[PDB]
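Note: the block below is coords.cif and it holds mmCIF, C-alpha atoms.
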data_start
#
loop_
_atom_site.label_atom_id
_atom_site.label_comp_id
_atom_site.auth_asym_id
_atom_site.auth_seq_id
_atom_site.Cartn_x
_atom_site.Cartn_y
_atom_site.Cartn_z
CA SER A 5 19.18 -56.45 -10.51
CA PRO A 6 17.83 -53.56 -8.46
CA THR A 7 19.74 -50.35 -7.92
CA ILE A 8 19.97 -48.50 -4.60
CA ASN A 9 19.63 -44.77 -3.97
CA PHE A 10 20.12 -44.04 -0.26
CA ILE A 11 22.21 -45.22 2.71
CA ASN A 12 22.16 -44.11 6.34
CA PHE A 13 22.64 -45.58 9.80
CA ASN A 14 20.39 -44.96 12.77
CA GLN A 15 21.27 -42.52 15.52
CA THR A 16 23.30 -45.21 17.33
CA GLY A 17 24.90 -47.32 14.59
CA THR A 18 22.94 -50.51 15.34
CA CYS A 19 20.85 -50.62 12.13
CA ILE A 20 21.07 -50.13 8.37
CA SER A 21 18.53 -48.12 6.36
CA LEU A 22 17.93 -48.32 2.62
CA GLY A 23 15.35 -47.49 -0.02
CA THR A 24 15.66 -49.42 -3.28
CA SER A 25 14.26 -48.79 -6.74
CA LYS A 26 11.83 -51.63 -5.99
CA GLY A 27 11.40 -51.31 -2.23
CA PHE A 28 13.15 -50.68 1.07
CA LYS A 29 15.18 -52.79 3.48
CA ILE A 30 16.35 -52.46 7.08
CA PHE A 31 19.09 -54.49 8.76
CA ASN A 32 20.99 -54.94 12.03
CA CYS A 33 24.75 -54.91 12.56
CA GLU A 34 26.08 -57.12 15.35
CA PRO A 35 23.77 -60.16 15.02
CA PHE A 36 23.45 -59.76 11.25
CA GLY A 37 19.88 -60.48 10.16
CA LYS A 38 16.84 -59.26 8.26
CA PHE A 39 13.99 -57.41 9.98
CA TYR A 40 11.70 -55.91 7.36
CA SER A 41 11.37 -55.20 3.65
CA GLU A 42 8.54 -54.21 1.32
CA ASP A 43 8.60 -54.40 -2.48
CA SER A 44 6.06 -51.63 -3.01
CA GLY A 45 7.64 -48.99 -5.22
CA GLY A 46 10.52 -46.61 -5.77
CA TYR A 47 11.68 -44.33 -2.96
CA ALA A 48 14.15 -41.52 -2.26
CA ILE A 49 14.65 -40.85 1.47
CA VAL A 50 14.52 -43.37 4.34
CA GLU A 51 15.32 -42.64 8.01
CA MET A 52 14.52 -44.29 11.34
CA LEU A 53 14.06 -43.45 15.01
CA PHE A 54 15.96 -45.24 17.76
CA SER A 55 14.35 -48.42 16.44
CA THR A 56 10.79 -48.18 17.85
CA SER A 57 9.30 -49.36 14.52
CA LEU A 58 8.90 -45.92 12.94
CA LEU A 59 10.08 -45.10 9.42
CA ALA A 60 10.48 -41.96 7.34
CA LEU A 61 9.40 -42.76 3.79
CA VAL A 62 9.64 -40.62 0.64
CA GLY A 63 8.64 -41.62 -2.88
CA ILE A 64 11.14 -41.45 -5.71
CA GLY A 65 8.58 -40.14 -8.21
CA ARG A 74 5.01 -36.14 -0.29
CA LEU A 75 6.15 -37.61 3.03
CA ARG A 76 4.71 -40.79 4.54
CA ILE A 77 5.40 -42.24 8.00
CA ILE A 78 4.87 -45.95 8.66
CA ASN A 79 4.90 -48.21 11.72
CA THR A 80 6.42 -51.48 10.53
CA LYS A 81 5.37 -53.48 13.60
CA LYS A 82 1.81 -52.27 12.98
CA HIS A 83 1.86 -52.36 9.14
CA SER A 84 -0.20 -49.15 9.17
CA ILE A 85 -0.02 -45.41 8.46
CA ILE A 86 0.36 -42.99 11.36
CA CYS A 87 0.14 -39.69 9.44
CA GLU A 88 0.82 -38.09 6.07
CA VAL A 89 1.52 -34.53 4.90
CA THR A 90 2.32 -32.88 1.55
CA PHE A 91 4.99 -30.34 0.63
CA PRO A 92 5.25 -27.96 -2.35
CA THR A 93 8.74 -28.80 -3.63
CA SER A 94 10.72 -32.04 -3.68
CA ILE A 95 12.03 -33.26 -0.33
CA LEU A 96 15.78 -33.69 0.08
CA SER A 97 16.87 -34.99 3.50
CA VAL A 98 15.67 -35.40 7.09
CA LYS A 99 16.95 -36.87 10.35
CA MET A 100 15.10 -37.94 13.47
CA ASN A 101 15.08 -37.60 17.26
CA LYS A 102 12.68 -38.52 20.06
CA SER A 103 11.13 -35.07 20.41
CA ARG A 104 10.99 -33.28 17.04
CA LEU A 105 10.36 -33.56 13.29
CA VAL A 106 12.69 -31.82 10.82
CA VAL A 107 12.15 -31.59 7.04
CA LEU A 108 13.96 -29.42 4.48
CA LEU A 109 13.14 -28.15 1.01
CA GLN A 110 15.48 -26.24 -1.29
CA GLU A 111 14.35 -22.89 0.15
CA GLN A 112 12.17 -23.91 3.13
CA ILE A 113 12.63 -25.93 6.33
CA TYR A 114 9.82 -27.18 8.56
CA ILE A 115 9.77 -28.43 12.16
CA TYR A 116 7.13 -30.55 13.91
CA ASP A 117 6.71 -32.44 17.17
CA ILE A 118 7.15 -36.19 16.71
CA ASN A 119 4.25 -37.15 18.98
CA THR A 120 1.46 -34.67 18.28
CA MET A 121 2.64 -34.08 14.67
CA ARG A 122 1.50 -30.43 14.71
CA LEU A 123 3.63 -27.77 13.04
CA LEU A 124 5.77 -25.49 15.20
CA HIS A 125 7.77 -22.97 13.18
CA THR A 126 8.83 -22.19 9.62
CA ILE A 127 12.20 -20.80 8.55
CA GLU A 128 12.66 -19.42 5.04
CA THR A 129 16.22 -20.44 4.16
CA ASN A 130 18.54 -19.50 1.33
CA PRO A 131 18.94 -21.87 -1.64
CA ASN A 132 20.65 -25.12 -0.65
CA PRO A 133 20.55 -27.45 -3.68
CA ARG A 134 22.79 -29.91 -1.81
CA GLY A 135 20.57 -29.78 1.28
CA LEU A 136 23.02 -30.53 4.08
CA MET A 137 21.85 -30.22 7.69
CA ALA A 138 22.91 -31.38 11.15
CA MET A 139 20.71 -31.93 14.20
CA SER A 140 21.32 -33.30 17.70
CA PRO A 141 19.54 -36.54 18.69
CA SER A 142 19.37 -35.65 22.40
CA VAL A 143 16.48 -33.83 24.05
CA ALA A 144 18.32 -31.79 26.70
CA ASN A 145 20.76 -30.45 24.09
CA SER A 146 18.57 -30.49 20.99
CA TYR A 147 20.42 -28.26 18.52
CA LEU A 148 20.09 -28.02 14.74
CA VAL A 149 22.38 -26.21 12.30
CA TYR A 150 21.92 -25.34 8.61
CA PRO A 151 24.09 -23.29 6.24
CA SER A 152 23.25 -19.67 5.46
CA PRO A 153 24.94 -18.64 2.21
CA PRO A 154 24.21 -15.14 0.89
CA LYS A 155 21.55 -14.82 -1.80
CA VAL A 156 23.37 -14.59 -5.12
CA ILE A 222 33.14 -12.58 1.51
CA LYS A 223 31.54 -14.61 4.31
CA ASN A 224 30.32 -17.71 2.48
CA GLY A 225 30.60 -20.33 5.23
CA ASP A 226 28.01 -19.07 7.71
CA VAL A 227 25.97 -21.51 9.81
CA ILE A 228 22.95 -20.84 12.02
CA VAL A 229 22.69 -22.42 15.48
CA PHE A 230 19.06 -23.22 16.27
CA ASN A 231 17.36 -24.75 19.31
CA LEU A 232 14.38 -27.02 18.68
CA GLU A 233 13.25 -26.75 22.31
CA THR A 234 12.96 -22.95 22.26
CA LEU A 235 12.33 -22.42 18.51
CA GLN A 236 14.77 -19.52 18.26
CA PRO A 237 18.22 -18.91 16.75
CA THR A 238 21.14 -18.84 19.16
CA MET A 239 24.43 -17.90 17.48
CA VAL A 240 26.14 -17.48 14.11
CA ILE A 241 29.55 -19.00 13.33
CA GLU A 242 32.09 -18.08 10.64
CA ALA A 243 33.06 -21.67 9.91
CA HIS A 244 34.46 -21.91 6.38
CA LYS A 245 35.40 -19.64 3.50
CA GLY A 246 33.09 -21.31 0.98
CA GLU A 247 29.91 -23.31 0.54
CA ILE A 248 29.07 -25.95 3.13
CA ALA A 249 29.54 -29.59 2.12
CA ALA A 250 29.02 -31.98 5.05
CA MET A 251 27.89 -31.60 8.66
CA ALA A 252 27.48 -33.87 11.67
CA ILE A 253 26.69 -33.41 15.37
CA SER A 254 27.86 -35.41 18.38
CA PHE A 255 25.59 -37.92 20.12
CA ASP A 256 25.39 -35.69 23.20
CA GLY A 257 25.06 -32.60 21.01
CA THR A 258 28.17 -30.84 22.28
CA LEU A 259 30.23 -30.80 19.06
CA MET A 260 29.55 -30.01 15.40
CA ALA A 261 31.84 -30.45 12.39
CA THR A 262 31.53 -28.87 8.95
CA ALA A 263 33.09 -29.51 5.55
CA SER A 264 34.09 -27.00 2.90
CA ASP A 265 33.76 -27.63 -0.82
CA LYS A 266 37.55 -27.90 -1.15
CA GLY A 267 37.64 -30.44 1.69
CA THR A 268 41.16 -29.50 2.75
CA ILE A 269 40.22 -28.02 6.15
CA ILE A 270 37.89 -29.86 8.54
CA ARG A 271 36.70 -27.79 11.50
CA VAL A 272 34.74 -28.94 14.55
CA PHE A 273 33.41 -26.53 17.17
CA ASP A 274 31.87 -26.43 20.63
CA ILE A 275 28.20 -25.68 20.02
CA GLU A 276 27.41 -23.62 23.12
CA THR A 277 30.32 -21.17 22.88
CA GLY A 278 31.15 -21.47 19.19
CA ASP A 279 34.88 -21.63 19.88
CA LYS A 280 36.87 -23.72 17.42
CA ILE A 281 38.58 -26.59 19.23
CA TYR A 282 40.05 -28.85 16.53
CA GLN A 283 41.25 -27.85 13.06
CA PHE A 284 42.00 -30.75 10.73
CA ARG A 285 43.80 -31.29 7.43
CA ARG A 286 42.60 -33.96 4.99
CA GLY A 287 44.52 -35.23 1.98
CA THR A 288 46.72 -33.12 -0.27
CA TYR A 289 44.66 -32.03 -3.28
CA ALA A 290 41.04 -30.93 -3.07
CA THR A 291 38.47 -33.71 -3.31
CA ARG A 292 34.75 -33.70 -2.66
CA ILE A 293 33.41 -34.84 0.72
CA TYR A 294 30.31 -37.02 0.95
CA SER A 295 29.54 -37.33 4.67
CA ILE A 296 31.07 -37.44 8.14
CA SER A 297 29.99 -39.06 11.39
CA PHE A 298 30.91 -38.75 15.07
CA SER A 299 31.31 -41.56 17.59
CA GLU A 300 29.11 -42.37 20.56
CA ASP A 301 31.76 -41.09 22.98
CA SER A 302 32.89 -38.30 20.60
CA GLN A 303 36.46 -39.60 20.62
CA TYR A 304 36.85 -40.18 16.86
CA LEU A 305 35.47 -38.72 13.64
CA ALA A 306 35.21 -40.40 10.23
CA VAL A 307 35.30 -38.84 6.75
CA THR A 308 34.19 -40.25 3.39
CA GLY A 309 35.16 -38.82 0.02
CA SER A 310 35.45 -39.62 -3.67
CA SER A 311 39.04 -40.80 -3.10
CA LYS A 312 37.55 -44.18 -2.00
CA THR A 313 39.53 -43.61 1.21
CA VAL A 314 38.14 -43.28 4.73
CA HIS A 315 40.18 -41.25 7.22
CA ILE A 316 39.54 -40.94 10.95
CA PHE A 317 40.63 -38.07 13.20
CA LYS A 318 41.13 -38.45 16.95
CA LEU A 319 39.21 -35.90 19.03
CA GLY A 320 40.88 -36.93 22.29
CA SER A 409 46.37 -32.01 11.89
CA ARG A 410 47.19 -35.22 10.03
CA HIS A 411 44.98 -38.29 9.91
CA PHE A 412 45.25 -40.75 12.79
CA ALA A 413 44.59 -44.05 11.01
CA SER A 414 43.74 -45.13 7.47
CA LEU A 415 40.87 -47.14 5.98
CA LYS A 416 41.22 -48.48 2.43
CA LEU A 417 38.37 -50.09 0.50
CA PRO A 418 39.39 -53.03 -1.72
CA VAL A 419 40.44 -52.41 -5.31
CA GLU A 420 37.56 -54.28 -6.97
CA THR A 421 35.08 -51.73 -5.61
CA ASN A 422 34.12 -49.19 -8.26
CA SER A 423 35.51 -45.75 -7.48
CA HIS A 424 32.38 -43.65 -8.13
CA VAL A 425 30.64 -44.85 -4.97
CA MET A 426 28.95 -43.05 -2.10
CA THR A 427 30.01 -44.63 1.21
CA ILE A 428 28.62 -44.04 4.71
CA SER A 429 30.51 -44.90 7.89
CA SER A 430 29.82 -44.96 11.63
CA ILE A 431 31.66 -45.66 14.89
CA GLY A 432 30.48 -48.00 17.64
CA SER A 433 31.39 -48.79 21.22
CA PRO A 434 34.85 -50.32 21.80
CA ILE A 435 35.08 -54.12 21.79
CA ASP A 436 37.59 -56.76 22.85
CA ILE A 437 38.77 -59.27 20.23
CA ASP A 438 41.32 -62.08 20.16
CA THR A 439 44.59 -61.89 18.26
CA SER A 440 44.57 -65.62 17.50
CA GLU A 441 42.13 -65.79 14.58
CA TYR A 442 43.10 -62.51 12.91
CA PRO A 443 46.76 -62.07 11.88
CA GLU A 444 46.98 -58.44 12.98
CA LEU A 445 50.80 -58.63 13.08
CA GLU A 459 48.50 -61.45 24.39
CA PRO A 460 45.16 -63.19 23.82
CA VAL A 461 43.00 -60.05 24.11
CA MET A 462 43.56 -56.33 23.57
CA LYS A 463 40.77 -53.91 22.84
CA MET A 464 39.64 -53.00 19.32
CA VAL A 465 37.30 -50.29 18.06
CA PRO A 466 34.89 -51.56 15.38
CA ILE A 467 34.30 -49.59 12.17
CA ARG A 468 31.42 -50.28 9.78
CA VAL A 469 31.26 -48.87 6.24
CA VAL A 470 28.31 -49.55 3.92
CA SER A 471 28.64 -48.52 0.28
CA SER A 472 26.16 -47.73 -2.47
CA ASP A 473 27.68 -50.47 -4.63
CA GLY A 474 25.87 -52.92 -2.35
CA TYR A 475 28.37 -54.30 0.17
CA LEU A 476 29.17 -54.08 3.88
CA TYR A 477 32.64 -54.16 5.46
CA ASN A 478 33.93 -54.70 9.01
CA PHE A 479 37.15 -53.15 10.34
CA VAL A 480 39.04 -53.03 13.63
CA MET A 481 40.86 -49.95 14.94
CA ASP A 482 44.02 -49.79 17.05
CA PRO A 483 43.63 -46.74 19.28
CA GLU A 484 47.32 -46.30 20.10
CA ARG A 485 49.16 -47.37 16.94
CA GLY A 486 46.89 -45.90 14.27
CA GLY A 487 47.75 -46.59 10.65
CA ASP A 488 46.11 -49.04 8.29
CA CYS A 489 43.21 -51.04 9.72
CA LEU A 490 42.81 -54.71 8.88
CA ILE A 491 39.75 -56.01 7.02
CA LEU A 492 37.77 -58.63 8.91
CA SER A 493 34.62 -59.64 7.04
CA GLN A 494 32.32 -58.42 4.28
CA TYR A 495 28.66 -59.27 3.84
CA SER A 496 26.77 -58.47 0.62
CA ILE A 497 23.53 -56.54 0.94
CA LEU A 498 20.37 -57.09 -1.16
CA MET A 499 20.84 -60.87 -1.18
#

If you took the structure in this file and wrote it as structure tokens, what would it be?
Amino acid sequence: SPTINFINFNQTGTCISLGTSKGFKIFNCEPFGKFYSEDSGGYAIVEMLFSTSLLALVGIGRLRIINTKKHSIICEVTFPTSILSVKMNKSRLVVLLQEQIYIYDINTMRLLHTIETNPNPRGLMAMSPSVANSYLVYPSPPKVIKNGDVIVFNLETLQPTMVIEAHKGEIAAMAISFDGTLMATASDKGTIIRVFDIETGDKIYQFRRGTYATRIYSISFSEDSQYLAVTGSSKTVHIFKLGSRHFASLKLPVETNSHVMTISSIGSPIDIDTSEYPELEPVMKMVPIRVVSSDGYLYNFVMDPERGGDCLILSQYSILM
């Protein structure tokens, strides 16, 4: 049975990306189905555009970009050190190494600017997916107090904008709103979650997670920037309303192994019936929540945006089959 090394949604939450030890696979969420998969070789990093049949492909052990609808190679470039993580927009290319970060235009593929960054073995970044507010942020720890410094960078103008004293320690997890107005960061202790307004840098929401310090894997904003989701080694997913303590609680089933990396995302609100699902009026709106885990399973949840609390489990598909 194949193992899996990477999980990430698209920029909208309508697809599933994966690179396996024997290939890669891409999926869709609402009308569950299989688009594409190749059993070529091992891989490390996979990312997508807003669909458009373009893939970011990295070998497990260079960057290769492939058009799946064309089954052909668009371009290919080499880097000195091992690649760690990238994300995509409609106007720029962003790639990071442990001490270097590179930026390119998506269309013409030519290089634009190079920034020599401090060591980031974890390699956590955050970049807007919108053109008119294209902003990218990376941590700036001092070269071994002021440990939690982040740099606010504009891909349209290729210049730094502002510096924020976000956290007291090393940076752990970052995400940026769909419209690029908000950015949230995670400390190593994971007790304090802070999200800011990008243009002014003023802190707007300060959040408390859990009781004892646990690591934080990743976080993700919603399309309307109303809710934020957190994933950690406590196998528990907490959401925080952006409209303190956690608003509502997500609990993965017991049979799931604890040492799992899990990625979550938030979609547009939906209306569902109360008849088929014993939630405990025919229709009242529900917010869908999707969580895909590195153990190889998908889960569907529904969110009550007044009551909060535990969310009921609806259905679970099993990936790789």

Residues in the PyMOL selection byres ((chain A and resi 130-133) around 12), expressed as a PDB file with C-alpha atoms, in the frame of the given file:
ATOM      1  CA  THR A  93       8.740 -28.800  -3.630  1.00  0.00           C
ATOM      2  CA  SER A  94      10.720 -32.040  -3.680  1.00  0.00           C
ATOM      3  CA  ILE A  95      12.030 -33.260  -0.330  1.00  0.00           C
ATOM      4  CA  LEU A  96      15.780 -33.690   0.080  1.00  0.00           C
ATOM      5  CA  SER A  97      16.870 -34.990   3.500  1.00  0.00           C
ATOM      6  CA  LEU A 108      13.960 -29.420   4.480  1.00  0.00           C
ATOM      7  CA  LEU A 109      13.140 -28.150   1.010  1.00  0.00           C
ATOM      8  CA  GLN A 110      15.480 -26.240  -1.290  1.00  0.00           C
ATOM      9  CA  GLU A 111      14.350 -22.890   0.150  1.00  0.00           C
ATOM     10  CA  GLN A 112      12.170 -23.910   3.130  1.00  0.00           C
ATOM     11  CA  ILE A 113      12.630 -25.930   6.330  1.00  0.00           C
ATOM     12  CA  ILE A 127      12.200 -20.800   8.550  1.00  0.00           C
ATOM     13  CA  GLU A 128      12.660 -19.420   5.040  1.00  0.00           C
ATOM     14  CA  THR A 129      16.220 -20.440   4.160  1.00  0.00           C
ATOM     15  CA  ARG A 134      22.790 -29.910  -1.810  1.00  0.00           C
ATOM     16  CA  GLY A 135      20.570 -29.780   1.280  1.00  0.00           C
ATOM     17  CA  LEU A 136      23.020 -30.530   4.080  1.00  0.00           C
ATOM     18  CA  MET A 137      21.850 -30.220   7.690  1.00  0.00           C
ATOM     19  CA  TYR A 150      21.920 -25.340   8.610  1.00  0.00           C
ATOM     20  CA  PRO A 151      24.090 -23.290   6.240  1.00  0.00           C
ATOM     21  CA  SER A 152      23.250 -19.670   5.460  1.00  0.00           C
ATOM     22  CA  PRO A 153      24.940 -18.640   2.210  1.00  0.00           C
ATOM     23  CA  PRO A 154      24.210 -15.140   0.890  1.00  0.00           C
ATOM     24  CA  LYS A 155      21.550 -14.820  -1.800  1.00  0.00           C
ATOM     25  CA  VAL A 156      23.370 -14.590  -5.120  1.00  0.00           C
ATOM     26  CA  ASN A 224      30.320 -17.710   2.480  1.00  0.00           C
ATOM     27  CA  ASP A 226      28.010 -19.070   7.710  1.00  0.00           C
ATOM     28  CA  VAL A 227      25.970 -21.510   9.810  1.00  0.00           C
ATOM     29  CA  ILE A 228      22.950 -20.840  12.020  1.00  0.00           C
ATOM     30  CA  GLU A 247      29.910 -23.310   0.540  1.00  0.00           C
ATOM     31  CA  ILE A 248      29.070 -25.950   3.130  1.00  0.00           C
ATOM     32  CA  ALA A 249      29.540 -29.590   2.120  1.00  0.00           C
TER      33      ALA A 249
END

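The environment of residue 56 in chain A within 10 Å, counting all atoms listed in the file and disregarding residues fewer than 2 places along the same chain, consists of residues 52, 53, 54, 58, 59, 79, 80 and 81 of chain A.
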
Problem set entry | Point-to-point distance from CA of residue 423 in chain A to CA of residue 313 in chain A, Å rounded to tenths | 9.8 Å

For this session: For CA of residue 292 in chain A and CA of residue 486 in chain A, determine how far apart the two atoms are, in Å to one decimal place.
Result: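 Computing it gives 24.1 Å between the two atoms.
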
Exercise. Residue 489 in chain A: which residues within 12 Å, counting all atoms listed in the file, same-chain residues fewer than 6 positions away excluded, as a list in words?
Worked result: residues 313, 314, 315, 316, 412, 413, 414, 415, 416, 417, 442, 443, 444, 445, 464, 465, 466, 467, 468, 477, 478, 479, 480, 481, 482 and 483 of chain A

Take the residues that were just selected and, keeping C-alpha atoms, output them as a CSV table (one decimal), in the frame of the given file.
chain,number,residue,atom,x,y,z
A,313,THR,CA,39.5,-43.6,1.2
A,314,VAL,CA,38.1,-43.3,4.7
A,315,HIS,CA,40.2,-41.2,7.2
A,316,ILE,CA,39.5,-40.9,11.0
A,412,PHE,CA,45.2,-40.8,12.8
A,413,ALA,CA,44.6,-44.0,11.0
A,414,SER,CA,43.7,-45.1,7.5
A,415,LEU,CA,40.9,-47.1,6.0
A,416,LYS,CA,41.2,-48.5,2.4
A,417,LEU,CA,38.4,-50.1,0.5
A,442,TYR,CA,43.1,-62.5,12.9
A,443,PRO,CA,46.8,-62.1,11.9
A,444,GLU,CA,47.0,-58.4,13.0
A,445,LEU,CA,50.8,-58.6,13.1
A,464,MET,CA,39.6,-53.0,19.3
A,465,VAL,CA,37.3,-50.3,18.1
A,466,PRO,CA,34.9,-51.6,15.4
A,467,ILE,CA,34.3,-49.6,12.2
A,468,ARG,CA,31.4,-50.3,9.8
A,477,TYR,CA,32.6,-54.2,5.5
A,478,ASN,CA,33.9,-54.7,9.0
A,479,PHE,CA,37.2,-53.2,10.3
A,480,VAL,CA,39.0,-53.0,13.6
A,481,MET,CA,40.9,-50.0,14.9
A,482,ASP,CA,44.0,-49.8,17.0
A,483,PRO,CA,43.6,-46.7,19.3

Exercise. Which value, in Å to one decimal, gives the distance between CA of residue 141 in chain A and CA of residue 33 in chain A?
Worked result: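 CA of residue 33 in chain A lies at a distance of 20.1 Å from CA of residue 141 in chain A.
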
Exercise. Can you list, as JSON, numbers by chain, every protein, DNA or RNA residue that comes within 8 Å of range 265-269 of chain A when you count only C-alpha atoms, leaving out same-chain residues fewer than 2 positions away?
Worked result: {"A": [246, 247, 248, 249, 263, 271, 283, 284, 285, 286, 287, 288, 289, 290, 291, 292, 293]}

Tell me which protein, DNA and RNA residues are within 9 Å of residue 145 in chain A, counting only C-alpha atoms, leaving out same-chain ones fewer than 2 positions away, and put them as a compact mmCIF listing (two decimals) with C-alpha atoms, in the coordinates of the input.
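around_29.txt written:
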# COMPACT_ATOMS: atom_id res chain seq x y z
CA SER A 140 21.32 -33.30 17.70
CA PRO A 141 19.54 -36.54 18.69
CA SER A 142 19.37 -35.65 22.40
CA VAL A 143 16.48 -33.83 24.05
CA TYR A 147 20.42 -28.26 18.52
CA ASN A 231 17.36 -24.75 19.31
CA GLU A 233 13.25 -26.75 22.31
CA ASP A 256 25.39 -35.69 23.20
CA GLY A 257 25.06 -32.60 21.01
CA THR A 258 28.17 -30.84 22.28

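Checking A:84, A:297, A:238, A:493 one by one against residue 253 in chain A, counting all atoms listed in the file, you find the shortest gap at A:297.
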
For this session: List the residues selected by the PyMOL selection byres ((chain A and resi 424-441) around 9) in the file shown, writing them as a ChimeraX atom specification.
Result: /A:11-13,16-18,294-301,304-312,314,421-423,442-445,459-473

For this session: Go through A:494, A:276, A:474, A:222 and flag the residue nearest residue 9 in chain A, using only C-alpha atoms for the distances.
Result: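 Result for the nearest residue to residue 9 in chain A: A:474.
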
Exercise. For residue 146 in chain A, which residue out of A:78, A:105, A:240, A:48 is the nearest one, using only C-alpha atoms?
Worked result: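 Closest to residue 146 in chain A of all the choices is A:105.
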
For this session: Output the residue selection produced by the PyMOL selection byres ((chain A and resi 121) around 10) on the file above, formatted as number ranges by chain.
Result: A: 86-89, 104-105, 115-120, 122-124

Exercise. Quick one: of A:106, A:85, A:252, A:419, who's nearest to residue 232 in chain A, counting all atoms listed in the file?
Worked result: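 Of all the options, A:106 lies closest to residue 232 in chain A.
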